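This document starts with one chain, in the form deposited in one PDB entry, laid out as structure tokens.
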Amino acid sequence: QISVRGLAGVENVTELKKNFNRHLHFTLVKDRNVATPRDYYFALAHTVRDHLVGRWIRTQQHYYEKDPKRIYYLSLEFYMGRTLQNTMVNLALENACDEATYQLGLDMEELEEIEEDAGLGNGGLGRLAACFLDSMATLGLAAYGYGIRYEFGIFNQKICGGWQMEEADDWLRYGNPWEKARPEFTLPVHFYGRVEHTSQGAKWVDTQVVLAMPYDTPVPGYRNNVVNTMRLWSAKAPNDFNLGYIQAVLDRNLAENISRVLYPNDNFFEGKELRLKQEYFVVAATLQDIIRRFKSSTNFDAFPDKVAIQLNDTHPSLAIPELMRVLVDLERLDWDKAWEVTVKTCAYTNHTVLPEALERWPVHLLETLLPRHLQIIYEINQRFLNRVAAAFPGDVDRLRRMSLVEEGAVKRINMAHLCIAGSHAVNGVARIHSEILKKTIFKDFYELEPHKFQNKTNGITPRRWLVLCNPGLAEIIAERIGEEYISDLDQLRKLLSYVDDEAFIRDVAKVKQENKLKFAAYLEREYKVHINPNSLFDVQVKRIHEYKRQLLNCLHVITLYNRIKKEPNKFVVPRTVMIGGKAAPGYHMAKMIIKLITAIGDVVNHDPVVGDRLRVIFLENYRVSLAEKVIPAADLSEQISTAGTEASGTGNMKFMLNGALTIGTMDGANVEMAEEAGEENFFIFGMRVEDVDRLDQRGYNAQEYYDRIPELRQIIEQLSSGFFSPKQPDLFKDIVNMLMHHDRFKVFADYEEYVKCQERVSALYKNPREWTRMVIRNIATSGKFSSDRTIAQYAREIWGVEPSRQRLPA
């Protein structure tokens, strides 16, 4: 059908067909008379997977021979989503598989919908790791993603009576055809115990052992025959574990619980023992694998020339004292030499400045669980602070501020401080965020070691986030500028030459309308919800958080509703307002925000006077596969966090690439997006970081805004009085009370400017041709936000390796 999907050659189609039938028979043990769509999905998955095998084996063989510097990306989260389509795209098999299945009487799109998301992350941080793996493979880097194979990923969200309910995501129930268990490379991980000091160094003894069993998933690069590995560890008890008899066998679950479930908090630290066990488990198993591979190339001076470890936030920070432990206690290196190796090997990426998100582990927990690591952390701290004292003599308050050990009611270790001390590079994830790091929370560290601090603005992979989810747009683009942009997204700038081309304008607008029709249809089928496909699709999808200000969106929606009720017969641009995202199960205010949104929908969607001029829809169970459907359908992207709070954002970039205009604050990467597209082509509003600081200095008083803005007062009165909850009039009191007396995110302060900016959005939507022209200017300047650009920068500026677009032989 479409060119970017590759060729459907007769020989290939014929071979895919027979391999599909072979798997259906020999692998699934079914005949076509009792096979279900799920069986057909599996037969296709095994057929496609077979094409990865040769490339996977030859890629790993190649790294063994060439011995390049290896990149180890450590993360507690990898939000991969579905794998089938991505694999076809990267191997150029999509059209051929479409043809083969069609000849077999099957609709491939239908089979794709059967696959479960691999949801081993919470949101942005996890999904960034996934885009990064795709880019590292596409750029030919010898890169390995290491994490935990959670049995249960991020929970499935059900909405019941307008409230979030959670159910376990049993993603492995039907099997996972994309992983290969490797029980032969199982490794031991130690916990608890005690330290004993001998004539010959420290020894960690009397430990409990848990086994780490690896499962390997292939990561194909884009049409370059490179297939890298993501290795995820699963916890297993040893067979003599606890070894009356029956109870000892049942108690094996204590050990195996380490890999059972993903902690479901986004941007929030919960200091539980099980989480600490997960963090050490991934680090300890991974480092043994790293050292093994390094020895199979005795002198660790070359270690940093052959190994880079990138810490995705502080969650794998124990890699620093673990590497020291191994080098000092096991390999017998002197401390100073070991520390030199460690610093040159490790680099740290920070993804947040919110205080409640920073990891500060109680000393008593580390003391019990990881006694030798605590000793090492203390020694690191003493040596570090000796350097600080030498650099800033007499500055005693600096010593307390910079210490890895925090004093107080309960002593804690600040893991960010540990990572900075033990890494040769520290980066933020968007220019404004990296600046904020140097000016505020890490200022002291920047003054001691300015050379460590860098920026690496985030990106997204244009394979998944354009070619895969929006083939219509990819095609009309390729028609004008060829296919090269898929691995060189900066080529999209060539599209500026078409901003006055009538045919292109029409095609861009047509693709959006088709995407909107398709999404409107999906809504009716799977959720029996009707929507007007000619309305402006106004979408805010991301995790539910106070800092992301879904509440500000709600205030605008109610404003719109109230204005319609006031002048029913006045024309207003019709909108469908869609808000989706998951709340952490323990985050009460986030759960209340979900209920407010559905409550607003209950009123608005059933008021005859509104008609279909305004609809408010809560999109249930937002996840990667849903993002792939809704983002291509969106007209307006809401990126409205309080300035200074969203470190980068990446949903923002997905919307830009897919033909939505953005309404947003000057926060995170929004700043760079506006810079690339031009401020005239972006709907910017609200306080800047400097304005937020000014307000904090004089004191934020929400009452002032309530007193001066009658439309806002009306909304608050509606909320308090029970207008949106007739049977439970005080249902939203916690929300009102937060907004009026302890709003850390200054929702009222940006309300007036937000509403006025939304009016400018509506005015532009009334002129389709100029709306589309502005869309073309955004798509055309989205190239900087490819994760290929991001990864090339990490490679050259942190890891010391050169990317390559050269193909291995098939």
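Each residue number is its position in the shown sequence, starting from 1.
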Where the other entries model residues on both sides, is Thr298 skipped in at least a third? yes
Does the deposited sequence hold unmodelled residues between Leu243 and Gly244, and if so, how many: none, 1 to 3, 4 to 9, or 10 or more? 4 to 9
As the entry stands, the deposited residues without coordinates between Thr198 and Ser199 add up to none
Should the higher mean CA B-factor in the entry be assigned to 741 to 749 or to 31 to 39? 31 to 39
Of the two stretches 141 to 149 and 699 to 707, which shows the higher Cα B-factor on average in the entry? 699 to 707
Out of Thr47, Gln758, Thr781, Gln61, which residue has the highest Cα temperature factor in the PDB record? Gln61
Taking the values straight from the PDB record, which of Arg713, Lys595, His424, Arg623 has the highest C-alpha temperature factor? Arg713
Compared with the other modelled residues in the chain, in which third is the CA B-factor of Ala308? lowest
The third of the chain into which the C-alpha temperature factor of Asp788 falls is the lowest
Place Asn532 in the lowest, middle or highest third of its chain's C-alpha B-factors, as listed in the PDB entry. highest
Split the chain's modelled residues into thirds by Cα B-factor; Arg543 lands in the lowest
When the deposited Cα B-factors of this chain's modelled residues are ordered and cut into thirds, is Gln728 in the lowest, the middle or the highest one? highest
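Not pictured, yet referred to below: the form deposited with a small molecule bound.
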Note: exactly one of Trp171, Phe504, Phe268, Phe618 sits with a heavy atom within 4.5 Å of the small molecule in the deposited complex, namely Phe268
Scan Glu356, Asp500, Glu196, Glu484 and let me know which has any heavy atom within 4.5 Å of the small molecule in the deposited complex. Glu356
Work out which of the listed stretches, 490 to 498, 157 to 165, 542 to 550, 443 to 451, brings a heavy atom within 4.5 angstroms of the small molecule in the deposited complex. 542 to 550
Any chance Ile684 has a heavy atom within 4.5 Å of the small molecule in the deposited complex? no
Is the gap between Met666 and the small molecule in the deposited complex 4.5 Å or less for some heavy atom pair? no
Indicate whether the small molecule has at least one heavy atom within 4.5 Å of a heavy atom of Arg760 in the deposited complex. no
Is the gap between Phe152 and the small molecule in the deposited complex 4.5 Å or less for some heavy atom pair? no
